[PDB]
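A.B. asks: Chains as they are written, first to last, in the authors' numbering: chain B, 1 to 170; chain B', 1 to 170; chain H, 1 to 142, 149 to 228; chain A, 159 to 264; chain A', 107 to 264. A prime marks a further copy of an entry chain.
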Ligand SMILES: *[C@@H]1O[C@H](CO)[C@@H](O[C@@H]2O[C@H](CO)[C@@H](O[C@@H]3O[C@H](CO)[C@@H](O)[C@H](O[C@H]4O[C@H](CO)[C@@H](O)[C@H](O)[C@@H]4O)[C@@H]3O)[C@H](O)[C@H]2NC(C)=O)[C@H](O)[C@H]1NC(C)=O
Ligand SMILES: *[C@@H]1O[C@H](CO)[C@@H](O[C@@H]2O[C@H](CO)[C@@H](O)[C@H](O)[C@H]2NC(C)=O)[C@H](O)[C@H]1NC(C)=O
Ligand SMILES: *[C@@H]1O[C@H](CO)[C@@H](O[C@@H]2O[C@H](CO)[C@@H](O)[C@H](O)[C@H]2NC(C)=O)[C@H](O)[C@H]1NC(C)=O
Ligand SMILES: *[C@@H]1O[C@H](CO)[C@@H](O)[C@H](O)[C@H]1NC(C)=O
Ligand SMILES: *[C@@H]1O[C@H](CO)[C@@H](O)[C@H](O)[C@H]1NC(C)=O
């Protein structure tokens, strides 16, 4: 990914994360737990869905037969037809290849972007209360129970509540 | 935006910001003030202008009439002409749609990039003197008058001047 | 043609363990493209997800916060089934329990928790009341005739009634049970038939009360 | 024949080429035959050429079929003196369709 | 490329060796694959002729012929006798006729006459019949295509 999160500083994906694209995995006195983030997951889904809406569609132009499979047309005009058709085949094959390559590059970079955005959103939330690990983990200095972890996920987390304890723990 | 600043952590745009694309809004003892940043604004403008220079241009190829609107050509050759023209219409309509979609994606991501670059440039300027809010705001710990705010905008700001006061305020 | 078949007792004493089983056919309990859930329903609480298990190169389980301290859902890969175990039950656990597959149906490979197939349901009653058998009495016909069977004084729900071992369905009405002041249930099953067929056709209601292992047939005649 | 309808008429005719000159005389009498066909839009002539072709459907003779579109309130005139396969009916197009070439069932 | 095979035509009552100074092989000659059919002697009536060739091979045969347009009507009579000449050619697939038109064209390779060459593809086990009565340049050989190639137009060395 262009941003360097997916297949980047985040070592690998979670096969257990079946409910979402992106999620949180925590460690605290109470144990371990994993939860998907739907806002980031939905943003990625909506954008991929948009590409498919664009690519799966009508070319309303209807083309009639201009040659004949049973009784071949004159050879001069027939050769012009075939040359023109083969030229169009070449253009469209090239177009299709480039479209899919371009869209795939963007799709991968897009997913990588959404992962990065979620990470940075969390980093800003708990400023001066935690430090970046480098594996996509935040080491939190104060005690953070399941209600505290769920507040981070929820986005209600209040850093000023735990700042004195966390800051002083450095 | 791909970076997640515009329509991202920055909640919304400023209708009052009429002189620039990107700008600063401050709060200090002296009150509130808004100012546009031209270097970031110009970079975005120059890049959009570049796209338009590319897209608004000459196709020097000149095409003559090959059929006749008043006295219709032979039906076989006429059908070949129409099939070929309609095939070209299909190619160009597809090309135009994809060009504009691709360019628009990039244009939006480009603007989002320039906003992010300006934010990160400021963050680096006042390292250890302020903290990221999360709304695109920097909470500055030391007293920062209009000359101090204008130094940040100008890019002359000297963090070592106010570091003892700001650091100790944590 | 996936089919989820549910078994287990529908009566559990308070403080003891509710144990149910869902047997899968047409798909694998350890399939990458399935998630195996339990959901319950009560006229009060409505529909409530309880928990799940699934395999993705290792077994995972998730449970609803409301039952997390009491609940276990385990796969059996020998019999292609998965179970529900609920410890320390209270009257608030009285409900219909359903097993259900999700994550077969997905948005771009992300389980979106669509429950595409459900089991038939198991009605579970938490009570210290011993089960009782249901008495079955004929409701005799005295050009359309109505006849029926009164299924009286049983506990707990449910009772099932068929006619002529399921050969007669048209015009059959089996009423929802009523709880009597005695604390026992009662219901009737009725059918309308041509009055002419009374002299030739035999009418027998077949009554099943699985909690008491009661299966009774009753001939209904004029 | 005048086309008194609001759309063009498809007009067909045929020129018969017998398998021999003697057959041509037997059918249409001796002499060098001629067929002319003209409209306000169209201008063309036909002289038959009899001669032995290889047998197809048991016949060594051939028919050259020809066609033209006759515009609304225009007239076609057939001036002929033998070897002419005359149209009994004009064709008119009904509306719109699509034609395909296929080897599989509907 | 082309493989060539004889048409198997033999002739009687006419000359088969028409030649011209325009086609030189150390002396007057003619197209190597064709035969210029003439009346036995000068001003003689060419006989009404028919010649047939069946393609007994599994691929189509390329068949060529020529119609001679003399530089004058008198030359046409000298070569093929007087009268209005005719050549018909038909297969199961093909149907066409030819009447010559003599007349003065400007001299090319020293000749005011012209030859119209014509061609058709003869399908496997189909027959072509040439019914002619003068002014006909007959094929000596049929051509068959050998396989596959690419043709280019170039002005530089191999
Ligand atoms: C990437 O995401 C796509 C969705 O966008 C996802 O594709 C889905 O795959 C499943 C198959 O695994 C498709 O489901 C089918 O739905 C039809 C009805 O529409 C059913 O008839 C099919 O049933 C078959 O299998 C049953 C048993 O499982 C049999 O009982 C039955 O007889 C049939 O054999 C089947 O359920 C689904 O349609 C697509 N989705 C779309 C939108 O097409 C894809 O799997 C994802 N990729 C990966 C690798 O996960
Ligand atoms: C134009 O192309 C078509 C094929 O796209 C050619 O027709 C085929 O010819 C092959 C062998 O040469 C036959 O076996 C097939 O039956 C033909 N296919 C179809 C779909 O007709 C055709 O020859 C080409 N036109 C010319 C003038 O060469
Ligand atoms: C090629 O296309 C043109 C139109 O692009 C066809 O001409 C039109 O035909 C409509 C009705 O069929 C007429 O009302 C218009 O006057 C025509 N428009 C123009 C611009 O000429 C034409 O028929 C097509 N060619 C063939 C052979 O069908
Ligand atoms: C976010 O989740 C927590 C769980 O710790 C919950 O108590 C809180 O109410 C949630 N926030 C909102 C706005 O509901
Ligand atoms: C930047 O702006 C300030 C206003 O506070 C001004 O005094 C200073 O001279 C400016 N910097 C430069 C390099 O001019």
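Built from N, CA and C at the ideal position, the CB exists for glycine as well.
Using a Cβ-Cβ cut-off of less than 8 Å, list which residues of the stretch 60-88 of chain B' approach chain B; keep chain order.
C.D. replies: 76, 77, 79, 80, 83, 84, 86, 87
A.B. asks: So what's residue 117 (chain B) in DSSP terms, helix, strand or just coil?
C.D. replies: helix
A.B. asks: Counting only beta-carbon separations shorter than 8 Å, does residue 170 (chain B') have a partner in chain B?
C.D. replies: yes
A.B. asks: Looking at the strands, I want to know which residues DSSP matches up with residue 52 (chain H).
C.D. replies: H:37, H:62
A.B. asks: Along the chain, where does the alpha helix (DSSP H) that runs through residue 181 (chain A') open and close?
C.D. replies: 179-186
A.B. asks: Under a three-way DSSP split, which group does residue 28 (chain B) fall into?
C.D. replies: strand
A.B. asks: Going along the chain, which residues of the stretch 208-222 of chain A sit with their C-beta nearer than 8 Å to a C-beta in chain A'?
C.D. replies: 209, 210, 211, 212, 214, 220, 222
A.B. asks: Name the chain B' residues whose beta carbon is nearer than 8 Å to that of residue 93 (chain B)?
C.D. replies: Result: empty, since nearest Cβ-Cβ is about 12 Å, beyond 8 Å.
A.B. asks: Which residues count as close to ligand 5 when the rule is a CB under 6 Å from any of its heavy atoms, in chain order?
C.D. replies: B':147, B':150, B':151, B':154, B':156
A.B. asks: Name, please, each residue of chain B whose Cβ falls closer than 8 Å to the Cβ of residue 90 (chain B').
C.D. replies: 59, 61
A.B. asks: Are the C-beta atoms of residue 9 (chain B') and some chain B residue less than 8 Å apart?
C.D. replies: yes
A.B. asks: Indicate whether at least one CB of chain H lies closer than 8 Å to the CB of residue 20 (chain B).
C.D. replies: yes
A.B. asks: Return helix, strand or coil for residue 135 (chain H), following the three-state DSSP convention.
C.D. replies: strand
A.B. asks: For ligand 2, is there any heavy atom lying closer than 7 Å to the beta carbon of residue 97 (chain B')?
C.D. replies: Residue 97 (chain B'): no, Cβ never under 7 Å from ligand 2.
A.B. asks: Would you say the beta carbon of residue 78 (chain B) is closer than 7 Å to some non-hydrogen atom of ligand 2?
C.D. replies: Yes.
A.B. asks: Could you name the residues of chain B that residue 240 (chain A) contacts, counting a contact when the two beta carbons are closer than 8 Å?
C.D. replies: In chain order: nothing, as chain B lies at least about 30 Å away.
A.B. asks: Report, in whole angstroms, the separation of the C-beta atoms of residue 198 (chain A') and residue 212 (chain A), which I expect to be a contact under 8 Å.
C.D. replies: 6 Å
A.B. asks: Buried or exposed for residue 258 (chain A), please, with buried defined as at least 16 other CB atoms from any protein chain shown within 10 angstroms of its CB.
C.D. replies: exposed
A.B. asks: I'd like to know if residue 257 (chain A) contacts chain B, where contact means its C-beta is closer than 8 Å to some C-beta of that chain.
C.D. replies: Yes, residue 257 (chain A) lies at the interface with chain B (some Cβ there is under 8 Å from its Cβ).
A.B. asks: Quick one, are the C-beta atoms of residue 23 (chain B') and residue 36 (chain B') less than 8 Å apart?
C.D. replies: Yes, the Cβ-Cβ distance between residue 23 (chain B') and residue 36 (chain B') is below 8 Å.
A.B. asks: Can you look up residue 106 (chain B) in the DSSP assignment and give me helix, strand or coil?
C.D. replies: helix
A.B. asks: What does a CB cutoff of less than 7 Å around residue 41 (chain B') pick up in its chain, not counting 5 residues either side in sequence?
C.D. replies: 20, 21, 22
A.B. asks: Could you tell me whether any non-hydrogen atom of ligand 1 is closer than 7 Å to the CB of residue 13 (chain B)?
C.D. replies: no
A.B. asks: Would residue 113 (chain H) pass as an interface residue toward chain B - the criterion being a Cβ-Cβ separation below 8 Å?
C.D. replies: yes
A.B. asks: Looking only at its own chain, which residues have a Cβ that is under 6 Å from the Cβ of residue 240 (chain A'), when we skip the five neighbours before and after it?
C.D. replies: 152, 186, 191
A.B. asks: Candidates B':137, B':49, B':133, B':98: which alpha carbon is nearest residue 158 (chain B)'s?
C.D. replies: B':133
A.B. asks: Just tell me which of H:167, H:94, H:11 has its CA closest to the CA of residue 211 (chain H).
C.D. replies: Ranked by Cα distance from residue 211 (chain H), the first of H:167, H:94, H:11 is H:167.
A.B. asks: Looking only at DSSP bridge pairs, what is residue 157 (chain A') linked to?
C.D. replies: A':236
A.B. asks: Can you say whether residue 256 (chain A) is buried or exposed, counting buried as having 16 or more other CB atoms within 10 angstroms of its CB?
C.D. replies: exposed
A.B. asks: Roughly how many angstroms lie between the CA atoms of residue 273 (chain A) and residue 200 (chain A), to the nearest whole one?
C.D. replies: Because chain A spans 159 through 264 in this model, residue 273 (chain A) falls outside it and cannot be assessed.
A.B. asks: Using only the heavy atoms of ligand 2, determine whether one of them is closer than 7 Å to the beta carbon of residue 72 (chain B).
C.D. replies: yes
A.B. asks: Drop a sphere of 10 angstroms on the beta-carbon of residue 117 (chain B), count the other beta-carbons inside from all chains shown, and report buried for 16 or more, exposed for fewer.
C.D. replies: Buried, since its Cβ has 16 or more Cβ neighbours within 10 Å.
A.B. asks: Could you tell me the distance, in whole angstroms, from the CA atom of residue 168 (chain B') to the CA atom of residue 130 (chain B')?
C.D. replies: Their backbone Cα atoms lie some 12 Å apart in a straight line.
A.B. asks: Going along the chain, which residues of the stretch 120-140 of chain B' sit with their C-beta nearer than 7 Å to a C-beta in chain B?
C.D. replies: 131, 132, 134
A.B. asks: Can you tell which of H:188, H:194, H:153 has the C-alpha that lies nearest to the C-alpha of residue 207 (chain H)?
C.D. replies: H:153
A.B. asks: Using a cut-off of 8 Å between C-beta atoms, extract the partners of residue 108 (chain B) located in chain H.
C.D. replies: Residues of chain H passing the Cβ test: none, with the nearest at roughly 14 Å.
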